[PDB]
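Okay, structure first, notes after.
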Amino acid sequence: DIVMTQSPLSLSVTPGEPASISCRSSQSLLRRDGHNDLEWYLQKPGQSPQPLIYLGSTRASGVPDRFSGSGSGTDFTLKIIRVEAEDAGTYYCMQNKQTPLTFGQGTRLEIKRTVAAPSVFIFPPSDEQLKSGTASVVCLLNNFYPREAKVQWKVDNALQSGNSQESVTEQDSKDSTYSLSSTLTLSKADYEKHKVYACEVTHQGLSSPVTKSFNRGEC
Amino acid sequence: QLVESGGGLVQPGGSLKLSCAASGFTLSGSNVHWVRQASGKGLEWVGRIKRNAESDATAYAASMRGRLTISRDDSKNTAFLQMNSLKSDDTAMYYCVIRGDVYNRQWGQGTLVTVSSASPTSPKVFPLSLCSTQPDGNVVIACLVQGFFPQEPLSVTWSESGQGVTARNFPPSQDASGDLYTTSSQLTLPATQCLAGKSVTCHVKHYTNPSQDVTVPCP
């Protein structure tokens, strides 16, 4: 099976700057007609892959003039002249020389926008959930850049090393920001034995950590 | 354009038949490939069926030890992927990809296949309100979507939309123990569209279980 290896595996490029992605195949993809059996796909967050380049250099239908493909045989390059917010996603090279069709590992392109601190929101357990004997505290972080954010849960000011789970959205295609949801899940018994519930957020765009908190039942 | 269906939760050793229906163009003039993606990974070619002109010749990835069958219904304008003796590692988003006759290099929207012996678990959906003061002129409300299986498909929609309305959905994350997943959905809307006394609804569609409509009061 033809092996496709992409390089680098991730990029963080400032808008307006160029970017390039390397693709090396284990076998030649050079055809008898001269062209190369190499394709490039972009997979934007939440979408299915979309063609960019085919036959080594042919820019697909509606693909901006800013995307270019070059190279021959076993070495190829996707170039983006000036990176934009909408270029965020994972790029894949694909060989269509022989079956199995093989793809590269994928290179994630992050758009390196200006620092943006998150808006933090804390949500206490609803009485509906408390009835069932479980208590979840929700801490939401909105529209921040860079992705590095640290969320620390404090119960009566004592730090938690467990009981929490989080998820981060993929980079927004329009504003280049991330959003995060952190959930602290306690038992009702534990929740009823403590009073102060807080999530402390440390991010580059903040002067010092932001704490959002509430007192149980004082809502 | 390219509508996919047939996906679902199946027990290991089970069977599934995936459909790739072209809507508003012929499929017979093109070759149909099937490509998969396990959540958080790259692309893996599954197989292809050649055009009626190339006598519907089939080719499959050797790793899928004769467990797949790619066929086509030229009268129904649909291509299929029948998968048998399903393995846990067959869990992925499956895409059909068109080759040759235009729409060339186009991918379907994908259909999800989850292979697990774990039983489906409906989410525990709860309204979330801020304990604090609201941001000036905006209302921030959320819904906790807790302890569900499979992780996808899961969709959350709100009873308010439009100008100044932003819904934020987060990827599910695995719970501390067991096979369950949790996420939340946040709604930001003008205070005017969420006046005191009014309530709003978050509609949670999970896998094949009946949808849940949860009431969230305006502040």
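Side-chain atoms are counted along with the backbone in the values below, which use heavy atoms only and exclude waters and symmetry mates. Labels below follow one simple rule: chain letters A, B, ... track the order of the sequence lines, proteins then strands, and each chain is numbered from 1.
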Requested in this report: For the residue pair A/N96 and B/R105, confirm or rule out a side-chain donor-acceptor distance under 3.5 Å.
Outcome: no
Query raised in the report: Around B/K198, counting heavy atoms of other residues, nucleotides and ligands shown, do more than 12 lie under 6.0 Å from its NZ?
Result: yes
Requested in this report: Taking atom types as modelled, find out whether B/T182 and A/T183 have a side-chain donor-acceptor pair closer than 3.5 angstrom.
Outcome: no
Report summary line: With chain B, the option among A/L180, A/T134, A/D1 that has the most non-hydrogen atom pairs under 4.5 Å is A/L180
Query raised in the report: Could you give the distance from OG (A/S61) to CD (B/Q106), rounded to the nearest 0.5 Å?
Result: 7.5 Å
Report task. Find the one option among A/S179, A/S213, A/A60 whose heavy-atom pairs under 4.5 Å with chain B are most numerous. Result -> A/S179
Report task. Please tell me if the side chains of A/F123 and B/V140 come closer than 4.5 Å, counting only heavy atoms from C-beta onward. Result -> yes
Report task. May I ask you to test the B/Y95-A/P49 pair for a side-chain heavy-atom distance under 4.5 Å? Result -> yes
Report task. Might you confirm whether atom CZ of B/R67 has over 12 heavy atoms from other residues, nucleotides or ligands at distances under 6.0 Å? Result -> yes
Query raised in the report: Looking only at heavy atoms, which two atoms of A/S181 and B/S184 are closest? And how far apart?
Result: OG-OG, 3.2 Å
Query raised in the report: Taking atom NZ of A/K195 as the centre, does the number of heavy atoms from other residues, nucleotides or ligands within less than 6.0 Å exceed 12?
Result: yes
Query - A/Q43 vs B/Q37 side-chain heavy atoms within contact, under 4.5 Å - result: yes
Query - Under 3.5 Å donor-acceptor, A/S167 side chain and B/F170 backbone - result: no
Requested in this report: Identify the heavy atoms of B/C131 and A/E218 that sit nearest to each other, and give their distance.
Outcome: SG-O, 4.3 Å
Requested in this report: Indicate the atoms forming the closest heavy-atom contact of A/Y92 with B/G42, along with that distance.
Outcome: OH-CA, 3.5 Å
**Report entry** Beyond-backbone contact of A/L140 with B/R168, side-chain heavy atoms, under 4.5 angstrom
**Finding:** no
Requested in this report: Heavy-atom distances under 4.5 Å only: say whether A/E170 touches chain B with side chain, backbone, both or neither.
Outcome: neither
**Report entry** Contact class of B/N169 relative to chain A, heavy atoms under 4.5 angstrom
**Finding:** backbone
Query raised in the report: Say you draw a straight line from CD of B/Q146 to OG of A/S136; how long is it, rounded to the nearest 0.5 Å?
Result: 5.0 Å
Report summary line: d(A/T102 OG1, B/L43 CG) to nearest 0.5 Å is 11.5 Å
Query raised in the report: Tell me, side chain or backbone of B/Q174 under 4.5 Å from chain A's heavy atoms, or both, or neither?
Result: backbone
Report summary line: Looking only at B/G110, B/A176, B/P127, B/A61, the option with the highest number of non-hydrogen pairs under 4.5 Å against chain A is B/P127
Query raised in the report: Could you give the distance from CG (B/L128) to CD (A/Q129), rounded to the nearest 0.5 Å?
Result: 8.5 Å
Report task. Output the option from A/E39, A/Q105, A/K212 having the highest count of non-hydrogen pairs under 4.5 Å with chain B. Result -> A/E39
Query - No-hydrogen, no-angle side-chain donor-acceptor test under 3.5 Å, A/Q165 and B/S173 - result: yes
Requested in this report: Sort out for me which of B/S129, B/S132, B/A59 touches chain A most, counting heavy-atom pairs under 4.5 Å.
Outcome: B/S129
Requested in this report: Report yes if some heavy atom in the side chain of A/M94 is under 4.5 Å from a heavy atom in the side chain of B/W45; otherwise report no.
Outcome: no
**Report entry** Straight-line distance of B/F126 CZ to A/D127 CG, nearest 0.5 Å
**Finding:** 10.5 Å
Report summary line: If one checks every heavy atom of B/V35 against chain A at 4.5 Å, the contacting part turns out to be side chain
